[PDB]
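Here is the structure we will look at, set down as structure tokens.
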Amino acid sequence: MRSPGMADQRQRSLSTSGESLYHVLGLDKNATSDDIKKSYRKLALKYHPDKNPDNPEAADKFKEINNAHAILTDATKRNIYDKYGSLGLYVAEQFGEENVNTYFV
């Protein structure tokens, strides 16, 4: 289905809340392709479970910040955002909806 921010039959991995993107890091289309990324970055090494052991939630945070990274400034990922929540973006933003999503489920 094309319901934004809803759990689809294909979206079964992470928590499909593309709506939380801006809230994930505190950025959304206000920043350039520069700051949107910075926003994710300062969280990425911040919330990295490698740096924060015994914290599975940190991995979880690292996983949502992993997502919002592209979407906010990237029209393509924001386009997937309207279709796929965190799942489609998790794969499309990091590798590309065209190549890997067509390979996964």
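Simple scheme: letters A, B, ... for chains in structure tokens order, numbers from 1 for residues in each chain, numbers from 1 for ligands in the order shown.
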Spatial neighbours of range 60-62 of chain A, max dist 10 Å, only C-alpha atoms, sep filter under 5 positions, as a PyMOL selection string
chain A and resi 14-15+24-25+40-41+43-49+55+67
Q) Using the chain letters and numbers from this document, which residues of chain A does DSSP assign to alpha helix (DSSP H), as a ChimeraX atom specification? A) /A:21-25,35-47,56-71,75-81,86-92
Selection near range 87-92 of chain A, 8 Å with only C-alpha atoms, sequence-local residues under 4 positions removed, as a list in words =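 These residues fall inside the cut-off: residues 11, 12, 13, 14, 15, 16, 63, 66, 67, 71, 77, 80, 81, 83, 96, 97, 98, 100 and 101 of chain A.
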Q) Near residue 74 in chain A, counting only C-alpha atoms, which residues have an atom at most 12 Å away, once you skip same-chain residues fewer than 5 positions from it, shown as number ranges by chain? A) A: 28-34, 36-37, 67-69, 79-81, 89, 92-94, 96
message: Could you tell me how far CA of residue 73 in chain A sits from CA of residue 86 in chain A, in Å to one decimal place?
response: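 Atom-to-atom, CA of residue 86 in chain A to CA of residue 73 in chain A, that is 15.6 Å.
Considering only C-alpha atoms, the residue among A:38, A:104, A:23, A:85 positioned nearest to residue 3 in chain A is A:85.
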